[PDB]
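Trainee: Structure below; questions to follow.
Chains as they are written, first to last, in full-length UniProt numbering: chain W, 48 to 147; chain B, 968 to 1015; chain R, 1258 to 1402; chain S, 1 to 205; chain P, 823 to 919.
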């Protein structure tokens, strides 16, 4: 039979209708820093001003200084008509948890 | 205290003052209760 | 039956403390209250007695509570009975809430055995294969598609 | 002493469900006399939407619970009576719930009468005022529009909610049917109280 | 180990979603995690002062009489209602245990 599931269309909730929190979870901040540190290990191209000798410190400082070039997508629902309703959050405009 | 349950949603809906689900009002009941005791007028006279 | 209610072997007399609001609005813990802690459960039998308060029958049996009171009372009964086993170093209340809410989410009290898993997540073949017996679970999955 | 408790709390059950009694209430002695001789007692009540609800209390030694023919005859003649029936409550002793033949007559009368709700309940379900039991949280039926608004805000389907049987004693005293939603306000030792919404499913018997 | 492995396989699918609910892939197990939405590592034991007080000690300690405005009649009235509701709920919990 039709094993292949049909393609989905990405439905982005307008920014004034988002229901999830404006504060990053510790999981999300850790994921952002890990992903960005791996990207820097790939390229090394950053807009951070101060010099750091490791990708991890550059990633944390980019998150803390609100310069991280990543977006958080929170998948809210998969409609059985084909839509994938998600929320897009900008970590540069979000609260940052206690990463100590 | 009236805007306390918006901790469970976000600051966008708090600014827009959208309706709050009933189960989220109930989840802020102990913190609403505690704040009204510890921030009572008789206890906050020396606070600007 | 010559005397007593069926299902209960021994009935003791215990002293317990309860709170109450006075006419002056004060909450006072009353220590001079005598209960009957029985040996064996029959909620319906104790309910039919005119010497017992029927609205405050506290059975330790989840199945007895589920049958007579419902799933929401049985949820509170699972919480209470796990608390008793845990003791004084018992976990936070929200971990007891997690057991009871899972065990009662279908409207009936399911177990943490392979029968309860099949009742809550029947289509999760891989989870059910990992628990107890893959060959049996795999055989039904292939047959049932 | 199930008969004595039933004689009071069945009428408490009728009042809690917001119905008007149709016959004059007889005293308890002739209630037991009619249960022992006629084999059952019949209580009729009228709902706000003019539906008629009849409750049959069957004695534990009566013929209707031991012989399926008598039960089939009684149900056939009562359901053929020209009344605006909407709900029949057949209160039987607990062991009767394990008799396959009686339940077979029950489900066959259901099949022959698709628009009439037929329910058979044990004794203990009407031997208390179930809502006033301390261990039972506060149950309340909610409308389909409110439930739809709640589910729409939550991006949920009715099949994702926690579910509750229609034979649950609080739901029975509410009169909840499968497909309905019951909001339960329940005590919490973490938040001092909580609210859940459950989806009412089919009765087990 | 026997009880640990059976408890984990029955509960491991319970995961917090974006509404702070606990569900099994779509199906609600809790409308809100722990009914308060909190982490167990972020809790402090705190005493609520009004619970044990009488009607007169409550009005002596918490009713403000410096300003003769109807606001403070309402502020104290909300203190009694919270006090009464707390007593009602947890006295009932004392009943079924």
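Even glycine gets a Cβ: it sits at the ideal position worked out from N, Cα and C.
Candidates S/142, S/161, S/147 and S/135: which alpha carbon is nearest residue 1337 of chain R's?
Mentor: Closest option to residue 1337 of chain R, Cα to Cα, is S/135.
Trainee: Would you say residue 136 of chain S faces chain R, with C-beta separation under 7 Å as the test?
Mentor: Yes - at least one Cβ of chain R is within 7 Å of the one on residue 136 of chain S.
Trainee: Should residue 59 of chain W be flagged as near chain B, meaning a C-beta pair shorter than 7 Å?
Mentor: No, residue 59 of chain W lies away from the interface with chain B (no Cβ there is under 7 Å from its Cβ).
Trainee: Report the option in S/143, S/83, S/153 and S/129 whose CA atom is closest to the CA atom of residue 180 of chain S.
Mentor: Among S/143, S/83, S/153 and S/129, the Cα nearest to that of residue 180 of chain S belongs to S/143.
Trainee: Considering only DSSP beta bridges, list what residue 106 of chain W is partnered with.
Mentor: The partner list for residue 106 of chain W (beta bridge, DSSP) is empty, contrary to what the question assumes.
Trainee: In angstroms, rounded to a whole number, what distance separates the CA positions of residue 1392 of chain R and residue 1400 of chain R?
Mentor: Cα to Cα, the separation comes out at about 12 Å.
Trainee: Hey, does residue 977 of chain B have any beta-carbon neighbour from chain W nearer than 7 Å?
Mentor: True, the Cβ-Cβ gap to chain W drops below 7 Å.
Trainee: Counting only beta-carbon separations shorter than 7 Å, does residue 66 of chain W have a partner in chain B?
Mentor: Yes - at least one Cβ of chain B is within 7 Å of the one on residue 66 of chain W.
Trainee: For residue 1286 of chain R, which residues from the same chain have a beta carbon less than 6 Å from its beta carbon, with the 5 sequence-adjacent residues on both sides left out?
Mentor: So the list reads 1274 and 1276, once near-sequence residues are dropped.
Trainee: Considering only C-alpha positions, which residue in the set P/860, P/824, P/895 and P/899 is nearest to residue 1350 of chain R?
Mentor: Per the Cα distances, P/860.
Trainee: May I ask you to report which of helix, strand or coil DSSP gives residue 60 of chain S?
Mentor: Coil, per DSSP.
Trainee: Which full runs of the beta strand (DSSP E) of 3+ residues lie inside the region 58–93 of chain S, going along the chain?
Mentor: The qualifying runs are 85–91.
Trainee: Name the chain R residues whose beta carbon is nearer than 8 Å to that of residue 873 of chain P?
Mentor: Going along chain R in sequence order, the residues near residue 873 of chain P (Cβ under 8 Å) are 1284.
Trainee: Would you mind working out which of S/27, S/43 and S/126 sits nearest residue 1442 of chain R, comparing C-alpha positions?
Mentor: This structure cannot settle anything about residue 1442 of chain R, because the visible part of chain R is limited to 1258 through 1402.
Trainee: In chain order, what residues of the same chain have a beta carbon less than 8 Å from the beta carbon of residue 105 of chain S, not counting five sequence neighbours either side?
Mentor: Cβ neighbours of residue 105 of chain S beyond the five flanking positions: 68, 71, 72 and 75.
Trainee: Could you tell me the boundaries of the beta strand (DSSP E) in which residue 44 of chain S lies?
Mentor: Counting along the chain, the beta strand (DSSP E) containing residue 44 of chain S begins and ends at 40–46.
Trainee: How many angstroms separate the CA atom of residue 826 of chain P from the CA atom of residue 1388 of chain R?
Mentor: So the two alpha carbons sit approximately 12 Å from each other.
Trainee: What is the C-beta distance between residue 1385 of chain R and residue 1369 of chain R, in whole angstroms, given that I count them as a contact (C-beta under 8 Å)?
Mentor: Actually they are not in contact, since the Cβ atoms of residue 1385 of chain R and residue 1369 of chain R sit about 13 Å apart, beyond 8 Å.
Trainee: Suppose only complete runs of 4+ residues qualify. What are the alpha helix (DSSP H) ranges in the region 59–103 of chain W, listed by chain order?
Mentor: Those alpha helix (DSSP H) runs which fall completely within the region 59–103 of chain W and span 4+ residues are 73–89.
Trainee: Does DSSP put residue 51 of chain S in a helix, in a strand, or in coil?
Mentor: Here residue 51 of chain S sits in coil by DSSP.
Trainee: Exposed or buried, which one is residue 1316 of chain R when buried takes at least 16 other CB atoms within 10 Å?
Mentor: It counts as buried.
Trainee: For residue 206 of chain S, which three-state DSSP category applies?
Mentor: In the structure as shown, chain S begins at 1 and stops at 205. Residue 206 of chain S is therefore absent and cannot be evaluated.
Trainee: Could you pull out every residue in the same chain whose Cβ sits closer than 7 Å to the Cβ of residue 102 of chain S, ignoring the five residues on either side in sequence?
Mentor: Same-chain partners within the cutoff: 65, 68, 71 and 96.
Trainee: On the three-pair Cβ rule with 8 Å, is the region 126–133 of chain W touching the region 57–76 of chain W?
Mentor: Contact between the region 126–133 of chain W and the region 57–76 of chain W is present, because at least three Cβ pairs lie under 8 Å.
Trainee: Identify, in the order they occur along the chain, each residue of the same chain with its Cβ nearer than 6 Å to the Cβ of residue 187 of chain S, setting aside the five sequence neighbours on each side.
Mentor: The residues are 193.
Trainee: Does any residue of chain P bring its CB to less than 7 Å from the CB of residue 1002 of chain B?
Mentor: It does not; no Cβ of chain P falls within 7 Å.
Trainee: Rounded to whole angstroms, what's the CA-CA distance from residue 1395 of chain R to residue 1382 of chain R? Just pull it up for me.
Mentor: Whole-angstrom Cα-Cα distance: 7 Å.
Trainee: Out of P/874, P/918, P/829 and P/845, which one is the CA nearest neighbour of residue 908 of chain P?
Mentor: Cα-wise, what sits closest to residue 908 of chain P is P/874.
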